[PDB]
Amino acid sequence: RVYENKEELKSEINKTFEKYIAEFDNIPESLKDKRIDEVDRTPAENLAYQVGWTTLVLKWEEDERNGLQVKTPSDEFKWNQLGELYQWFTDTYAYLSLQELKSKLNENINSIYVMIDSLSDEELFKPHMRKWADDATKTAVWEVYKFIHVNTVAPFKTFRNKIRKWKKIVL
């Protein structure tokens, strides 16, 4: 999706995040690690995936501003190693409760609003304004807002569909 301005991007993040996070309210902690064949991840893994990617995007931006060399997706994993990165997200966050994961994700979304407001329009909406954005997709050219959309709005919709499917079968 193309966004015309900062307020449009922030609004869509807020709208899709609120719908996504609300789906976890009715899931008891005792079932946060329950896997079924019909849906890929557990509820805790579903949240951990979002905490994982939002933490990384925020870190790329912070490190680049801090004058560090950003290796994307991370220092330990390459772009053809995402499956292993996802296992690392699960190992690193999924042992948390749903309440703790929701709180952490909410903090990252608030930080993403600050990240957006701290960028100039040019830095947010034009190519080649961040080294980490050029580094994260070397086959194509992606603007910062596109990385934000693809790591918030898009998965907040698709992973919402997963958790709803999971809830209909399990609860």
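So that there is no doubt, residue numbering starts at 1 and follows the sequence shown.
- For the segment pair 60-68 and 100-108, the entry gives 60-68 the higher mean B-factor, averaged over Cα atoms.
- As recorded in the PDB entry, 116-124 is the stretch of 116-124 and 45-53 with the greater mean C-alpha temperature factor.
- When the modelled residues of the chain are ordered by their C-alpha B factor, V141 lands in the highest third.
- The PDB entry assigns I148 a C-alpha temperature factor belonging to the lowest third of its chain's modelled residues.
- Compared with the other modelled residues of the chain, the Cα B-factor recorded for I163 ranks in the middle third.
- The PDB entry assigns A22 a C-alpha temperature factor belonging to the highest third of its chain's modelled residues.
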